[PDB]
Amino acid sequence: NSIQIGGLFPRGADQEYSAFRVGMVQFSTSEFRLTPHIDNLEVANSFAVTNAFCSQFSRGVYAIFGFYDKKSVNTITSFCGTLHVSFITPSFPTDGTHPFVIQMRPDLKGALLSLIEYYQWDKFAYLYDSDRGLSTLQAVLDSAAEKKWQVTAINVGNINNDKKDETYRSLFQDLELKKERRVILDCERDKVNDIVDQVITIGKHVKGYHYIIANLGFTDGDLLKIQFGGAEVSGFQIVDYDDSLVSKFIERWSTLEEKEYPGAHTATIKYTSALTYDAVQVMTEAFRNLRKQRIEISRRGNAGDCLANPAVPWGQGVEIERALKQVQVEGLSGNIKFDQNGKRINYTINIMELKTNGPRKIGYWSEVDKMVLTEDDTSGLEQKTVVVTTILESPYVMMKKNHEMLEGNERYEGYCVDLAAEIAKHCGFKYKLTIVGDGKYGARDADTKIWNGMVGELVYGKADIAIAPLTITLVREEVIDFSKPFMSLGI
Amino acid sequence: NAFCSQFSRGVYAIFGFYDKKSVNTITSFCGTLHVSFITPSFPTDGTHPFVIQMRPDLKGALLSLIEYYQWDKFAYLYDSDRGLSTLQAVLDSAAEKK
Amino acid sequence: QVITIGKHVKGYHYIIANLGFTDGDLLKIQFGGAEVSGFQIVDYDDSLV
Ligand SMILES: NS(=O)(=O)c1cc2c(cc1Cl)N[C@H]([C@H]1C[C@H]3C=C[C@@H]1C3)NS2(=O)=O
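Chains as they are written, first to last, in the UniProt record's numbering: chain A, 25 to 398, 405 to 521; chain B, 75 to 172; chain C, 222 to 270.
What follows is the structure in structure tokens.
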């Protein structure tokens, strides 16, 4: 059953079309085959989108797969909601709940709100690009108003190429006026690779700055530039290279010839191509389940003008979309589920931070569950809160009256408490205030030399330091050491 | 449907309104078919040919009025259906005039 | 390698000990913030030059 479909592809989406050609024969042919008529045409001109859509409807196909631009989303929704033709896409998700659209890209916005709330920012800059749309820009301003944030949002996308070396210099020097430190980028990969190079030229990647990339292929762009900088760069991934089928596709993908499939003989892959691959899995699961339920899709006639007045559609496409919304397989993004509208739920997004060795994950974020860090505590050097022993003596070390409600190093008060804070301020270490157990100053035992008290805590390696009323004698210098004396007294 | 029907009718000059969702469809037909279109609707953003528009721009006057009232901190309630060009405009002057 | 590891901000200061100071690349650290001085024996302003 070679079933007629239609495909829309931009002039330059060569990696994506090659991944579609791979996924075409990656799994098929125990059954029905596909008849893809490919349209390597533009996406900006909605008249061209109209011509291609009426051409493929003149063909009379059952389903159309491809991309759309923000100047075409209204046209695609307006034709598909009329003519009941199910349309599937990997592009940016739509704003309104529209029928007959399945969209392969998950949400980013709740993830990005989770990331900002995890880092606990208050004031930042937001460089956005207009031509991807403004839904995230609308979403962050509401929570910025509620969560008392201070956003300086800046449009950057309409800047031409021929002034594109000094516009960024004026832009970041205006950011130097408020002395910005925290930048969220929201662009395509080309604008990211343009803006990272201009940052690394004007010298803004030292320790102190902090960058969040709002894309899905965090490692799909260049990261060898600002890897060794000093700035810290975080982003998101939906394609995790650790997994079994992922690494299988990596080995399958690397061994292909570049000449037959352009952009294929690399290690990594674009997330757009990954979703294009999973789209074939969904689309074949559809016609699989319709032969499971044995429902015939016989058109039984020709199609005609797309301008038919009034045009009348066929509701077996409604049943096609109904069976599309029930597809649940595993793919490169993980599990998939759909809503009542065609939007994706049941996804998982990995949080990816850049380190010196390279990228690494620190946690995941689900469709309902918030940010769960994976407890990756590779911090090998923790400055230990050192052991400070003392004893209760007025006014050297005294209890407070409200010690149960307070905690720890706040509970004690006196001369020695004030002194130890000065020592730790001058020396930069961490400390915890402890008490000697046996309640003594300490002397040695007869015939066994067992120093008890505050002496043996330092002799026997128990306590680390002792700021306390201790008297320099002759018999104490042999086992512990003393500084210069700080307060004189007598019997 | 209406535009294809009237160009099949052989219209010499097209006039009518548009919302935020059909603006690309009409400018994409008119740039190809070279038909003069006239409108009282909201003005566009990019310089498109064959579109005459009677509604004047606003953003310069509104920025001048904010500078005259001498403000620093305010709220801004918007609707999306007329477009978001003014919202994109006032944020840049917010970035400049702090 | 300096411009990769990020040592050309305002504060650092470099002296090139050569004769063709402009014969090498200077578009890299021109906009940095560091200050770079050197020597020339071939002056492009002159007539025969
Ligand atoms: N007047 S006092 O007892 O509180 C007192 C006693 C002393 C102080 C400082 C004070 Cl405020 N520092 C001295 C040190 C300073 C120098 C000279 C000896 C030691 C080094 N030791 S000390 O003689 O023990």
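Yeah, the Cβ is synthetic: ideal placement off N, Cα and C, and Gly gets one too.
Contact note: A:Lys95 reaches chain B through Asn98, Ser102, using a C-beta cutoff of 8 angstroms and chain order. For B:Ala163, the CB contacts under 6 angstroms within the same chain, skipping 5 residues up- and downstream, are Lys133 in chain order. Taking CB atoms only, C:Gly254 has a neighbour in chain A less than 9 angstroms away.
If you check the CB distance, A:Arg312 and A:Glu55 come in under 9 angstroms. The alpha-carbon of A:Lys430 is positioned some 6 angstroms away from that of A:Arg441. For ligand 1, the residues with a Cβ under 6 angstroms from any of its heavy atoms are, in chain order, A:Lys514, A:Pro515, A:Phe516, A:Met517, A:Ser518.
DSSP places A:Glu256 in the uninterrupted beta strand (DSSP E) bounded by 256 to 261. In terms of Cα proximity to A:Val392, the closest of A:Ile369, A:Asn185, A:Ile375, A:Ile386 is A:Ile369.
Straight-line measurement puts the Cα of A:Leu449 at about 48 angstroms from the Cα of A:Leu209. For A:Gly31, the enclosing beta strand (DSSP E) covers residues 27 to 33. DSSP places A:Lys133 within a helical segment (H, G or I) once states are collapsed to three.
Nearest to A:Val342 by C-alpha distance, out of A:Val125, A:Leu397, A:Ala68, is A:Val125. Pairwise C-beta distances place the segment 415 to 423 of chain A in contact with the segment 491 to 507 of chain A, as three or more of them are shorter than 8 angstroms.
Taking the beta carbon of A:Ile178 as reference, the chain B residues within 9 angstroms of it are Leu165, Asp166, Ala169, listed in sequence order. Proximity to A:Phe44 across A:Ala169, A:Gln144, A:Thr300, A:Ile250 peaks at A:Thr300, based on C-alpha coordinates.
In this structure, DSSP gives A:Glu200 a state outside helix and strand, which the three-state scheme calls coil. For the 9 angstroms CB-CB criterion, A:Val85 and A:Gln127 do not form a contact.
Judged by their CB atoms, A:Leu137 and A:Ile236 are not nearer to each other than the 9 angstroms cut-off. A:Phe33 sits close to A:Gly90, with the two beta carbons spaced by under 9 angstroms. A:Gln144 carries a coil assignment under DSSP once its states are collapsed to helix, strand and coil. Burial of A:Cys104 is indicated by the presence of at least 16 other C-beta atoms within 10 angstroms of its C-beta. Taking the beta carbon of C:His234 as reference, no residue of chain A falls within 7 angstroms; the closest one sits roughly 14 angstroms away. Around the C-beta of A:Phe273, 16 or more other C-beta atoms lie within 10 Å, and the residue is accordingly described as buried. C:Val230 reaches chain A at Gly227, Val230, counting residues in chain order whose Cβ is nearer than 7 angstroms. By the Cβ criterion, the segment 236 to 248 of chain A is in contact with the segment 206 to 221 of chain A, since at least three pairs of Cβ atoms, one from each stretch, lie closer than 8 angstroms. Counting only runs of 3+ residues, the beta strand (DSSP E) found wholly inside the segment 155 to 221 of chain A occupies 174 to 179, 206 to 210, in chain order.
The Cβ of A:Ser297 sits no closer than 9 angstroms to any Cβ of chain B.
Residue pairing by DSSP places A:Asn381 opposite no residue, since no beta bridge is assigned to it.
Against chain A, the CB of B:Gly105 has a partner CB under 9 angstroms away; the residue lies at that interface. Here C:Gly254 has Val230, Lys231 as same chain residues with Cβ atoms under 6 angstroms from its own Cβ, once five neighbours each way along the sequence are excluded. Sorting A:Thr191, A:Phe242, A:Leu240, A:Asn365 by C-alpha distance to the C-alpha of A:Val223 places A:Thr191 at the top. Taking 9 angstroms as the cut-off, the beta carbon of A:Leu463 is found no closer than this to the beta carbon of A:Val489. When the alpha-carbon of A:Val416 is set against those of A:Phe459, A:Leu397, A:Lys394, the nearest one is in A:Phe459.
Between A:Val220 and A:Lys202 a beta carbon distance of about 22 angstroms is seen, past the 8 angstroms cut, so the two are scored as non-contacting.
Under the three-state reduction of DSSP output, A:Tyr295 falls in the helix class.
Collapsing the DSSP output to three states places C:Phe242 in coil.
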